[PDB]
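Presented below is the structure to which this report refers.
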Amino acid sequence: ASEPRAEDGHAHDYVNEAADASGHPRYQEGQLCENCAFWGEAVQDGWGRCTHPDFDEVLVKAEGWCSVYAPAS
Ligand code: SF4
């Protein structure tokens, strides 16, 4: 459905703003959920799904990021 907007730190070091993860060793800039290889699709107001069972439970922000991120290039 319109699953609840994901918590900062829901799982896998996720942040609602990619930029927050500047502190995270695995982070590189430009990487947003919307450009994640595991991106599902955008659902609503800068929120969309993420194709991981350990994620899709909650609606991830398009500008979010997590450590399971893999680039789509
Ligand atoms: S794997 Fe992570 S970075 Fe990628 S869309 Fe899902 S929550 Fe976002």
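The chains in the structure tokens are called A, B, ... from first to last as shown; in each chain the residues are counted from 1, and the ligands are counted from 1 in the order shown.
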If you run DSSP on this backbone, which residues of chain A come out as strand (DSSP E), and could you give them as a PDB file with N, CA and C atoms, in the first residue's frame?
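This is the output file out.pdb:
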```
ATOM      1  N   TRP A  39      16.195   0.030  -6.702  1.00  0.00           N
ATOM      2  CA  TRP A  39      15.008   0.871  -6.715  1.00  0.00           C
ATOM      3  C   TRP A  39      13.826   0.099  -7.309  1.00  0.00           C
ATOM      4  N   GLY A  40      12.642   0.235  -6.707  1.00  0.00           N
ATOM      5  CA  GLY A  40      11.416  -0.299  -7.268  1.00  0.00           C
ATOM      6  C   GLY A  40      10.843   0.720  -8.244  1.00  0.00           C
ATOM      7  N   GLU A  41      10.076   1.675  -7.718  1.00  0.00           N
ATOM      8  CA  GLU A  41       9.468   2.752  -8.476  1.00  0.00           C
ATOM      9  C   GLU A  41       9.039   3.807  -7.463  1.00  0.00           C
ATOM     10  N   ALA A  42       8.857   5.043  -7.932  1.00  0.00           N
ATOM     11  CA  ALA A  42       8.348   6.124  -7.106  1.00  0.00           C
ATOM     12  C   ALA A  42       6.846   5.951  -6.925  1.00  0.00           C
ATOM     13  N   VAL A  43       6.385   6.149  -5.694  1.00  0.00           N
ATOM     14  CA  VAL A  43       5.025   5.883  -5.270  1.00  0.00           C
ATOM     15  C   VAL A  43       4.308   7.217  -5.088  1.00  0.00           C
ATOM     16  N   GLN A  44       4.938   8.158  -4.373  1.00  0.00           N
ATOM     17  CA  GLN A  44       4.344   9.447  -4.065  1.00  0.00           C
ATOM     18  C   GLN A  44       5.399  10.546  -3.890  1.00  0.00           C
ATOM     19  N   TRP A  47       8.873   9.629  -2.439  1.00  0.00           N
ATOM     20  CA  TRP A  47       8.976   8.344  -1.795  1.00  0.00           C
ATOM     21  C   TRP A  47       8.631   7.264  -2.806  1.00  0.00           C
ATOM     22  N   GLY A  48       9.325   6.131  -2.721  1.00  0.00           N
ATOM     23  CA  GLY A  48       9.131   4.995  -3.589  1.00  0.00           C
ATOM     24  C   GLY A  48       9.533   3.699  -2.906  1.00  0.00           C
ATOM     25  N   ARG A  49       9.346   2.596  -3.624  1.00  0.00           N
ATOM     26  CA  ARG A  49       9.672   1.272  -3.145  1.00  0.00           C
ATOM     27  C   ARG A  49      11.119   0.891  -3.454  1.00  0.00           C
ATOM     28  N   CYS A  50      11.641  -0.085  -2.706  1.00  0.00           N
ATOM     29  CA  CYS A  50      12.987  -0.625  -2.827  1.00  0.00           C
ATOM     30  C   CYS A  50      12.889  -2.152  -2.808  1.00  0.00           C
ATOM     31  N   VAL A  60      10.711   3.904   1.097  1.00  0.00           N
ATOM     32  CA  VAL A  60      11.962   4.637   1.200  1.00  0.00           C
ATOM     33  C   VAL A  60      11.828   5.963   0.461  1.00  0.00           C
ATOM     34  N   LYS A  61      12.456   7.008   0.987  1.00  0.00           N
ATOM     35  CA  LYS A  61      12.501   8.289   0.322  1.00  0.00           C
ATOM     36  C   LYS A  61      13.333   8.128  -0.941  1.00  0.00           C
TER      37      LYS A  61
END
```
DSSP on the backbone, then: every residue of chain A marked helix (DSSP H, G or I), written as a ChimeraX atom specification.
/A:18-23,33-35,53-56
Counting only C-alpha atoms and all ligand atoms, what are the residues of chain A within 10 Å of ligand 1, and for each of them which pair of atoms is the nearest and at what distance in Å, to one decimal? Sort the table by chain and rising number, as JSON lines.
```
{"residue": "A:6", "atom": "CA", "partner": "ligand 1", "partner_atom_place_in_ligand_line": "7 (S)", "distance": 9.0}
{"residue": "A:10", "atom": "CA", "partner": "ligand 1", "partner_atom_place_in_ligand_line": "7 (S)", "distance": 9.6}
{"residue": "A:11", "atom": "CA", "partner": "ligand 1", "partner_atom_place_in_ligand_line": "7 (S)", "distance": 8.6}
{"residue": "A:12", "atom": "CA", "partner": "ligand 1", "partner_atom_place_in_ligand_line": "2 (Fe)", "distance": 7.7}
{"residue": "A:13", "atom": "CA", "partner": "ligand 1", "partner_atom_place_in_ligand_line": "2 (Fe)", "distance": 9.0}
{"residue": "A:14", "atom": "CA", "partner": "ligand 1", "partner_atom_place_in_ligand_line": "7 (S)", "distance": 6.5}
{"residue": "A:15", "atom": "CA", "partner": "ligand 1", "partner_atom_place_in_ligand_line": "7 (S)", "distance": 8.5}
{"residue": "A:16", "atom": "CA", "partner": "ligand 1", "partner_atom_place_in_ligand_line": "8 (Fe)", "distance": 9.1}
{"residue": "A:18", "atom": "CA", "partner": "ligand 1", "partner_atom_place_in_ligand_line": "3 (S)", "distance": 8.5}
{"residue": "A:31", "atom": "CA", "partner": "ligand 1", "partner_atom_place_in_ligand_line": "3 (S)", "distance": 7.6}
{"residue": "A:32", "atom": "CA", "partner": "ligand 1", "partner_atom_place_in_ligand_line": "3 (S)", "distance": 6.2}
{"residue": "A:33", "atom": "CA", "partner": "ligand 1", "partner_atom_place_in_ligand_line": "8 (Fe)", "distance": 3.6}
{"residue": "A:34", "atom": "CA", "partner": "ligand 1", "partner_atom_place_in_ligand_line": "5 (S)", "distance": 6.2}
{"residue": "A:35", "atom": "CA", "partner": "ligand 1", "partner_atom_place_in_ligand_line": "5 (S)", "distance": 7.4}
{"residue": "A:36", "atom": "CA", "partner": "ligand 1", "partner_atom_place_in_ligand_line": "4 (Fe)", "distance": 4.3}
{"residue": "A:37", "atom": "CA", "partner": "ligand 1", "partner_atom_place_in_ligand_line": "4 (Fe)", "distance": 6.4}
{"residue": "A:38", "atom": "CA", "partner": "ligand 1", "partner_atom_place_in_ligand_line": "1 (S)", "distance": 4.9}
{"residue": "A:39", "atom": "CA", "partner": "ligand 1", "partner_atom_place_in_ligand_line": "5 (S)", "distance": 4.1}
{"residue": "A:40", "atom": "CA", "partner": "ligand 1", "partner_atom_place_in_ligand_line": "5 (S)", "distance": 7.1}
{"residue": "A:41", "atom": "CA", "partner": "ligand 1", "partner_atom_place_in_ligand_line": "5 (S)", "distance": 9.1}
{"residue": "A:48", "atom": "CA", "partner": "ligand 1", "partner_atom_place_in_ligand_line": "5 (S)", "distance": 8.2}
{"residue": "A:49", "atom": "CA", "partner": "ligand 1", "partner_atom_place_in_ligand_line": "5 (S)", "distance": 7.1}
{"residue": "A:50", "atom": "CA", "partner": "ligand 1", "partner_atom_place_in_ligand_line": "6 (Fe)", "distance": 4.2}
{"residue": "A:51", "atom": "CA", "partner": "ligand 1", "partner_atom_place_in_ligand_line": "6 (Fe)", "distance": 6.4}
{"residue": "A:52", "atom": "CA", "partner": "ligand 1", "partner_atom_place_in_ligand_line": "6 (Fe)", "distance": 6.7}
{"residue": "A:53", "atom": "CA", "partner": "ligand 1", "partner_atom_place_in_ligand_line": "6 (Fe)", "distance": 9.7}
{"residue": "A:54", "atom": "CA", "partner": "ligand 1", "partner_atom_place_in_ligand_line": "7 (S)", "distance": 9.0}
{"residue": "A:55", "atom": "CA", "partner": "ligand 1", "partner_atom_place_in_ligand_line": "7 (S)", "distance": 6.1}
{"residue": "A:56", "atom": "CA", "partner": "ligand 1", "partner_atom_place_in_ligand_line": "6 (Fe)", "distance": 7.9}
{"residue": "A:58", "atom": "CA", "partner": "ligand 1", "partner_atom_place_in_ligand_line": "7 (S)", "distance": 9.3}
{"residue": "A:59", "atom": "CA", "partner": "ligand 1", "partner_atom_place_in_ligand_line": "7 (S)", "distance": 8.7}
{"residue": "A:60", "atom": "CA", "partner": "ligand 1", "partner_atom_place_in_ligand_line": "7 (S)", "distance": 5.9}
{"residue": "A:61", "atom": "CA", "partner": "ligand 1", "partner_atom_place_in_ligand_line": "8 (Fe)", "distance": 7.6}
{"residue": "A:62", "atom": "CA", "partner": "ligand 1", "partner_atom_place_in_ligand_line": "8 (Fe)", "distance": 7.4}
{"residue": "A:63", "atom": "CA", "partner": "ligand 1", "partner_atom_place_in_ligand_line": "8 (Fe)", "distance": 8.2}
{"residue": "A:64", "atom": "CA", "partner": "ligand 1", "partner_atom_place_in_ligand_line": "8 (Fe)", "distance": 5.9}
{"residue": "A:65", "atom": "CA", "partner": "ligand 1", "partner_atom_place_in_ligand_line": "3 (S)", "distance": 4.0}
{"residue": "A:66", "atom": "CA", "partner": "ligand 1", "partner_atom_place_in_ligand_line": "2 (Fe)", "distance": 3.9}
{"residue": "A:67", "atom": "CA", "partner": "ligand 1", "partner_atom_place_in_ligand_line": "2 (Fe)", "distance": 6.2}
{"residue": "A:68", "atom": "CA", "partner": "ligand 1", "partner_atom_place_in_ligand_line": "1 (S)", "distance": 4.8}
{"residue": "A:69", "atom": "CA", "partner": "ligand 1", "partner_atom_place_in_ligand_line": "3 (S)", "distance": 4.0}
{"residue": "A:70", "atom": "CA", "partner": "ligand 1", "partner_atom_place_in_ligand_line": "4 (Fe)", "distance": 6.6}
{"residue": "A:71", "atom": "CA", "partner": "ligand 1", "partner_atom_place_in_ligand_line": "4 (Fe)", "distance": 8.3}
{"residue": "A:72", "atom": "CA", "partner": "ligand 1", "partner_atom_place_in_ligand_line": "4 (Fe)", "distance": 9.6}
```
